[PDB]
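entry-v4.pdb, holding PDB, C-alpha atoms:
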ATOM      1  CA  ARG A 886     113.734  73.713 112.942  1.00  0.00           C
ATOM      2  CA  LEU A 887     114.965  70.124 113.346  1.00  0.00           C
ATOM      3  CA  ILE A 888     111.494  68.753 114.235  1.00  0.00           C
ATOM      4  CA  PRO A 889     109.704  68.248 110.889  1.00  0.00           C
ATOM      5  CA  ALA A 890     106.060  68.586 111.999  1.00  0.00           C
ATOM      6  CA  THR A 891     106.500  72.148 113.311  1.00  0.00           C
ATOM      7  CA  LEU A 892     107.889  74.184 110.403  1.00  0.00           C
ATOM      8  CA  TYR A 893     104.903  76.564 110.570  1.00  0.00           C
ATOM      9  CA  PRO A 894     105.707  77.435 114.229  1.00  0.00           C
ATOM     10  CA  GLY A 895     109.346  77.329 113.119  1.00  0.00           C
ATOM     11  CA  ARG A 896     108.440  80.033 110.576  1.00  0.00           C
ATOM     12  CA  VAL A 897     106.810  82.413 113.071  1.00  0.00           C
ATOM     13  CA  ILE A 898     108.999  82.131 116.204  1.00  0.00           C
ATOM     14  CA  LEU A 899     112.356  82.890 114.551  1.00  0.00           C
ATOM     15  CA  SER A 900     111.332  86.062 112.699  1.00  0.00           C
ATOM     16  CA  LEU A 901     111.393  87.884 116.060  1.00  0.00           C
ATOM     17  CA  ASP A 902     114.991  86.709 116.487  1.00  0.00           C
ATOM     18  CA  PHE A 903     115.736  88.852 113.420  1.00  0.00           C
ATOM     19  CA  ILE A 904     114.668  91.991 115.321  1.00  0.00           C
ATOM     20  CA  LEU A 905     115.724  90.927 118.822  1.00  0.00           C
ATOM     21  CA  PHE A 906     119.218  90.759 117.345  1.00  0.00           C
ATOM     22  CA  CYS A 907     118.513  94.131 115.699  1.00  0.00           C
ATOM     23  CA  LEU A 908     118.292  95.592 119.187  1.00  0.00           C
ATOM     24  CA  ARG A 909     121.717  94.021 119.684  1.00  0.00           C
ATOM     25  CA  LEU A 910     122.748  95.505 116.329  1.00  0.00           C
ATOM     26  CA  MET A 911     121.801  98.978 117.570  1.00  0.00           C
ATOM     27  CA  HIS A 912     123.433  98.106 120.919  1.00  0.00           C
ATOM     28  CA  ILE A 913     126.919  98.179 119.400  1.00  0.00           C
ATOM     29  CA  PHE A 914     125.720 101.197 117.399  1.00  0.00           C
ATOM     30  CA  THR A 915     126.079 103.622 120.261  1.00  0.00           C
ATOM     31  CA  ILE A 916     129.191 105.061 118.583  1.00  0.00           C
ATOM     32  CA  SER A 917     128.835 108.182 116.439  1.00  0.00           C
ATOM     33  CA  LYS A 918     129.019 111.684 117.893  1.00  0.00           C
ATOM     34  CA  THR A 919     125.656 112.647 116.399  1.00  0.00           C
ATOM     35  CA  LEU A 920     124.302 109.182 117.221  1.00  0.00           C
ATOM     36  CA  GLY A 921     125.794 108.147 120.576  1.00  0.00           C
ATOM     37  CA  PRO A 922     124.955 111.226 122.688  1.00  0.00           C
ATOM     38  CA  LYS A 923     121.369 111.180 121.321  1.00  0.00           C
ATOM     39  CA  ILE A 924     120.756 107.436 121.309  1.00  0.00           C
ATOM     40  CA  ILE A 925     121.095 107.990 125.073  1.00  0.00           C
ATOM     41  CA  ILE A 926     117.841 109.926 124.797  1.00  0.00           C
ATOM     42  CA  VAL A 927     116.198 106.656 123.795  1.00  0.00           C
ATOM     43  CA  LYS A 928     117.987 105.291 126.893  1.00  0.00           C
ATOM     44  CA  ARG A 929     115.913 107.970 128.576  1.00  0.00           C
ATOM     45  CA  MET A 930     113.000 106.235 126.872  1.00  0.00           C
ATOM     46  CA  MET A 931     113.415 102.429 126.967  1.00  0.00           C
ATOM     47  CA  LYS A 932     110.905 101.879 129.727  1.00  0.00           C
ATOM     48  CA  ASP A 933     109.065 104.815 128.244  1.00  0.00           C
ATOM     49  CA  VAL A 934     108.882 102.801 125.054  1.00  0.00           C
ATOM     50  CA  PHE A 935     106.562 100.557 127.062  1.00  0.00           C
ATOM     51  CA  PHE A 936     104.768 103.663 128.312  1.00  0.00           C
ATOM     52  CA  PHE A 937     103.397 105.386 125.229  1.00  0.00           C
ATOM     53  CA  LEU A 938     102.797 102.075 123.462  1.00  0.00           C
ATOM     54  CA  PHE A 939     100.591 100.986 126.364  1.00  0.00           C
ATOM     55  CA  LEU A 940      99.107 104.423 126.210  1.00  0.00           C
ATOM     56  CA  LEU A 941      98.373 104.857 122.571  1.00  0.00           C
ATOM     57  CA  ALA A 942      97.862 101.268 121.442  1.00  0.00           C
ATOM     58  CA  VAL A 943      95.379 100.716 124.246  1.00  0.00           C
ATOM     59  CA  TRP A 944      94.011 104.076 123.210  1.00  0.00           C
ATOM     60  CA  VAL A 945      93.917 102.536 119.711  1.00  0.00           C
ATOM     61  CA  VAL A 946      91.516  99.971 121.214  1.00  0.00           C
ATOM     62  CA  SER A 947      89.348 102.866 122.385  1.00  0.00           C
ATOM     63  CA  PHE A 948      88.764 103.511 118.689  1.00  0.00           C
ATOM     64  CA  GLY A 949      89.132  99.956 117.438  1.00  0.00           C
ATOM     65  CA  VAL A 950      86.193  98.687 119.453  1.00  0.00           C
ATOM     66  CA  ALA A 951      84.282 101.919 118.800  1.00  0.00           C
ATOM     67  CA  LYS A 952      84.530 101.524 115.015  1.00  0.00           C
ATOM     68  CA  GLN A 953      82.785  98.211 114.265  1.00  0.00           C
ATOM     69  CA  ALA A 954      79.774  98.690 116.497  1.00  0.00           C
ATOM     70  CA  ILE A 955      77.206 100.929 114.782  1.00  0.00           C
ATOM     71  CA  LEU A 956      77.776  99.674 111.251  1.00  0.00           C
ATOM     72  CA  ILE A 957      76.686  96.103 110.517  1.00  0.00           C
ATOM     73  CA  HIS A 958      79.946  94.451 109.521  1.00  0.00           C
ATOM     74  CA  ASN A 959      79.600  90.862 108.337  1.00  0.00           C
ATOM     75  CA  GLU A 960      83.043  89.592 107.296  1.00  0.00           C
ATOM     76  CA  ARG A 961      83.931  86.691 109.575  1.00  0.00           C
ATOM     77  CA  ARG A 962      86.267  83.706 109.416  1.00  0.00           C
ATOM     78  CA  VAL A 963      88.197  81.633 111.898  1.00  0.00           C
ATOM     79  CA  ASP A 964      90.947  84.184 112.728  1.00  0.00           C
ATOM     80  CA  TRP A 965      89.860  86.652 110.068  1.00  0.00           C
ATOM     81  CA  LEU A 966      86.816  88.050 111.828  1.00  0.00           C
ATOM     82  CA  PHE A 967      89.597  89.347 114.087  1.00  0.00           C
ATOM     83  CA  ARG A 968      90.875  90.789 110.814  1.00  0.00           C
ATOM     84  CA  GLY A 969      87.545  92.363 109.843  1.00  0.00           C
ATOM     85  CA  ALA A 970      86.949  93.691 113.361  1.00  0.00           C
ATOM     86  CA  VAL A 971      90.317  94.272 115.051  1.00  0.00           C
ATOM     87  CA  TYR A 972      93.143  94.141 112.486  1.00  0.00           C
ATOM     88  CA  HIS A 973      91.428  96.643 110.180  1.00  0.00           C
TER      89      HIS A 973
ATOM     90  CA  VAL B 797      96.302  96.021 144.338  1.00  0.00           C
ATOM     91  CA  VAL B 798      92.921  97.217 145.542  1.00  0.00           C
ATOM     92  CA  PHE B 799      93.647  99.744 142.803  1.00  0.00           C
ATOM     93  CA  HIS B 800      94.795  96.979 140.426  1.00  0.00           C
ATOM     94  CA  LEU B 801      91.844  94.654 141.063  1.00  0.00           C
ATOM     95  CA  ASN B 802      89.445  97.566 140.618  1.00  0.00           C
ATOM     96  CA  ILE B 803      91.159  98.513 137.351  1.00  0.00           C
ATOM     97  CA  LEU B 804      91.041  95.091 135.695  1.00  0.00           C
ATOM     98  CA  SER B 805      87.448  94.678 136.846  1.00  0.00           C
ATOM     99  CA  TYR B 806      86.762  97.989 135.083  1.00  0.00           C
ATOM    100  CA  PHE B 807      89.109  97.069 132.219  1.00  0.00           C
ATOM    101  CA  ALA B 808      87.081  93.901 131.621  1.00  0.00           C
ATOM    102  CA  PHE B 809      83.562  95.185 132.328  1.00  0.00           C
ATOM    103  CA  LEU B 810      83.818  97.197 129.117  1.00  0.00           C
ATOM    104  CA  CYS B 811      84.980  93.949 127.521  1.00  0.00           C
ATOM    105  CA  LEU B 812      81.835  92.364 128.984  1.00  0.00           C
ATOM    106  CA  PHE B 813      79.862  95.266 127.517  1.00  0.00           C
ATOM    107  CA  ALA B 814      81.690  94.653 124.224  1.00  0.00           C
ATOM    108  CA  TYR B 815      80.312  91.095 124.289  1.00  0.00           C
ATOM    109  CA  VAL B 816      76.658  92.163 124.420  1.00  0.00           C
ATOM    110  CA  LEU B 817      76.811  94.618 121.508  1.00  0.00           C
ATOM    111  CA  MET B 818      78.353  92.342 118.866  1.00  0.00           C
ATOM    112  CA  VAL B 819      76.775  88.893 119.179  1.00  0.00           C
ATOM    113  CA  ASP B 820      74.166  89.249 121.942  1.00  0.00           C
ATOM    114  CA  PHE B 821      72.003  91.861 120.151  1.00  0.00           C
ATOM    115  CA  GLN B 822      68.734  90.492 121.547  1.00  0.00           C
ATOM    116  CA  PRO B 823      65.638  92.362 122.811  1.00  0.00           C
ATOM    117  CA  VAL B 824      65.469  90.291 126.015  1.00  0.00           C
ATOM    118  CA  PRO B 825      67.438  90.264 129.296  1.00  0.00           C
ATOM    119  CA  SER B 826      69.676  87.357 128.334  1.00  0.00           C
ATOM    120  CA  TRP B 827      72.151  85.190 130.262  1.00  0.00           C
ATOM    121  CA  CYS B 828      75.099  87.598 129.946  1.00  0.00           C
ATOM    122  CA  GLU B 829      72.894  90.700 130.379  1.00  0.00           C
ATOM    123  CA  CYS B 830      71.636  90.517 133.988  1.00  0.00           C
ATOM    124  CA  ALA B 831      75.067  91.116 135.547  1.00  0.00           C
ATOM    125  CA  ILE B 832      75.308  94.652 134.097  1.00  0.00           C
ATOM    126  CA  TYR B 833      72.211  95.567 136.128  1.00  0.00           C
ATOM    127  CA  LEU B 834      74.050  94.150 139.140  1.00  0.00           C
ATOM    128  CA  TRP B 835      77.201  95.930 137.941  1.00  0.00           C
ATOM    129  CA  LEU B 836      75.434  99.300 137.905  1.00  0.00           C
ATOM    130  CA  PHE B 837      74.068  98.532 141.370  1.00  0.00           C
ATOM    131  CA  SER B 838      77.624  97.804 142.523  1.00  0.00           C
ATOM    132  CA  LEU B 839      79.472 100.999 141.566  1.00  0.00           C
ATOM    133  CA  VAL B 840      76.948 103.801 142.150  1.00  0.00           C
ATOM    134  CA  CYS B 841      76.541 102.457 145.699  1.00  0.00           C
ATOM    135  CA  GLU B 842      80.223 103.266 146.203  1.00  0.00           C
ATOM    136  CA  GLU B 843      79.067 106.877 146.117  1.00  0.00           C
ATOM    137  CA  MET B 844      76.664 105.724 148.841  1.00  0.00           C
ATOM    138  CA  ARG B 845      79.797 104.641 150.697  1.00  0.00           C
ATOM    139  CA  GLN B 846      81.245 108.098 150.041  1.00  0.00           C
ATOM    140  CA  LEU B 847      78.093 109.996 151.044  1.00  0.00           C
ATOM    141  CA  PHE B 848      78.112 108.234 154.432  1.00  0.00           C
ATOM    142  CA  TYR B 849      81.918 108.478 154.664  1.00  0.00           C
ATOM    143  CA  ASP B 850      82.910 111.816 156.257  1.00  0.00           C
ATOM    144  CA  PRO B 851      80.121 114.440 156.363  1.00  0.00           C
ATOM    145  CA  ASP B 852      78.978 117.079 158.731  1.00  0.00           C
ATOM    146  CA  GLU B 853      76.165 115.504 160.721  1.00  0.00           C
ATOM    147  CA  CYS B 854      73.522 118.066 159.705  1.00  0.00           C
ATOM    148  CA  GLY B 855      74.298 119.012 156.093  1.00  0.00           C
ATOM    149  CA  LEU B 856      73.087 116.410 153.608  1.00  0.00           C
ATOM    150  CA  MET B 857      72.733 118.853 150.699  1.00  0.00           C
ATOM    151  CA  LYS B 858      75.823 120.907 151.612  1.00  0.00           C
ATOM    152  CA  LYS B 859      78.176 117.936 151.210  1.00  0.00           C
ATOM    153  CA  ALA B 860      76.730 116.967 147.810  1.00  0.00           C
ATOM    154  CA  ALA B 861      77.661 120.359 146.334  1.00  0.00           C
ATOM    155  CA  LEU B 862      81.289 119.202 146.530  1.00  0.00           C
ATOM    156  CA  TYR B 863      80.323 116.253 144.320  1.00  0.00           C
ATOM    157  CA  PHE B 864      78.596 118.872 142.173  1.00  0.00           C
ATOM    158  CA  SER B 865      81.925 120.743 142.274  1.00  0.00           C
ATOM    159  CA  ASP B 866      83.556 117.761 140.514  1.00  0.00           C
ATOM    160  CA  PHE B 867      82.932 117.614 136.777  1.00  0.00           C
ATOM    161  CA  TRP B 868      84.372 114.090 136.743  1.00  0.00           C
ATOM    162  CA  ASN B 869      81.663 113.221 139.261  1.00  0.00           C
ATOM    163  CA  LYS B 870      79.277 114.808 136.755  1.00  0.00           C
ATOM    164  CA  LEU B 871      81.070 112.627 134.202  1.00  0.00           C
ATOM    165  CA  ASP B 872      80.300 109.625 136.421  1.00  0.00           C
ATOM    166  CA  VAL B 873      76.569 110.200 136.845  1.00  0.00           C
ATOM    167  CA  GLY B 874      76.465 111.768 133.380  1.00  0.00           C
ATOM    168  CA  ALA B 875      77.525 108.318 132.204  1.00  0.00           C
ATOM    169  CA  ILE B 876      74.676 106.941 134.329  1.00  0.00           C
ATOM    170  CA  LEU B 877      71.921 109.197 132.934  1.00  0.00           C
ATOM    171  CA  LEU B 878      72.965 108.227 129.412  1.00  0.00           C
ATOM    172  CA  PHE B 879      72.573 104.572 130.385  1.00  0.00           C
ATOM    173  CA  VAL B 880      69.001 105.297 131.504  1.00  0.00           C
ATOM    174  CA  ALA B 881      68.663 106.873 128.049  1.00  0.00           C
ATOM    175  CA  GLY B 882      70.221 103.667 126.704  1.00  0.00           C
ATOM    176  CA  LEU B 883      68.544 100.947 128.755  1.00  0.00           C
ATOM    177  CA  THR B 884      65.081 102.353 127.980  1.00  0.00           C
ATOM    178  CA  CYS B 885      65.891 101.895 124.283  1.00  0.00           C
TER     179      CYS B 885
END

Please lay out the structure from this file as structure tokens.
Amino acid sequence: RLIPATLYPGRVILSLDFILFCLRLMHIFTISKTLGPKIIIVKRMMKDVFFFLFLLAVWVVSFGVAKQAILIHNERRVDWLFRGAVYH
Amino acid sequence: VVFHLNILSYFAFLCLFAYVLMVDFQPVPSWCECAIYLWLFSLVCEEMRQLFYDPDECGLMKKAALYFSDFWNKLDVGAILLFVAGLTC
């Protein structure tokens, strides 16, 4: 943020600090009696967060590669053919 | 890690197969095409390692019924017979 030639990487690397602190926001929000005893079920799930993500989002790729193949898609750019093949 | 190195070889062979359907749609055996023939020679000969692994020393067709008793083994060679129906096209 102080280095003037890197405001575009300074725009993309600090937006994750907004949500990394939002984990710390929910960290002090283990308080309420309907919240606390059942935000411990996501404490039964924090590594399992990494589980079903790495399940289903890799299983997303099992469709996401399978979609563009038979049809003749033609939209390509530098880092938007990845849009017209992978991000869509 | 013999599990891990086999997985990421198999995780990236389908990436290698994803290369030759998008850009490399050519009617010739190209540069990045000949390895898949040597990749299909590499894995079905691991069944050749398993056929010679632990048999009875007289029954050649009575051990292979156990591989016929595995539908995932029929999903292995069933994904080989479809490649012979895919390579010939």

| task | Give the residues of chain B that lie within 8 Å of chain A; count only C-alpha atoms, and format the answer as a list in words. | result | residues 814, 817 and 818 of chain B

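Using the PyMOL selection byres ((chain B and resi 839-845) around 12) on this structure selects residues 802, 805, 806, 809, 832, 833, 834, 835, 836, 837, 838, 846, 847, 848, 849, 850, 851, 860, 863, 869, 872, 873, 874, 875, 876 and 877 of chain B.
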
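In this structure, CA of residue 967 in chain A sits 17.1 Å away from CA of residue 812 in chain B.
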
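Reported to one decimal place, the separation of CA of residue 907 in chain A from CA of residue 972 in chain A is 25.6 Å.
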
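Interatomic distance, CA of residue 956 in chain A against CA of residue 827 in chain B: 24.6 Å.
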
| request: Dump as an NGL selection string all residues having an atom at most 10 Å from (91.7, 95.3, 116.0), computed in the file's coordinates with all atoms listed in the file. | output: :A and (945-946 or 948-950 or 952-953 or 966-973)

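Counting only C-alpha atoms and comparing B:813, B:879, B:799, B:867, the residue that lies closest to residue 829 in chain B is B:813.
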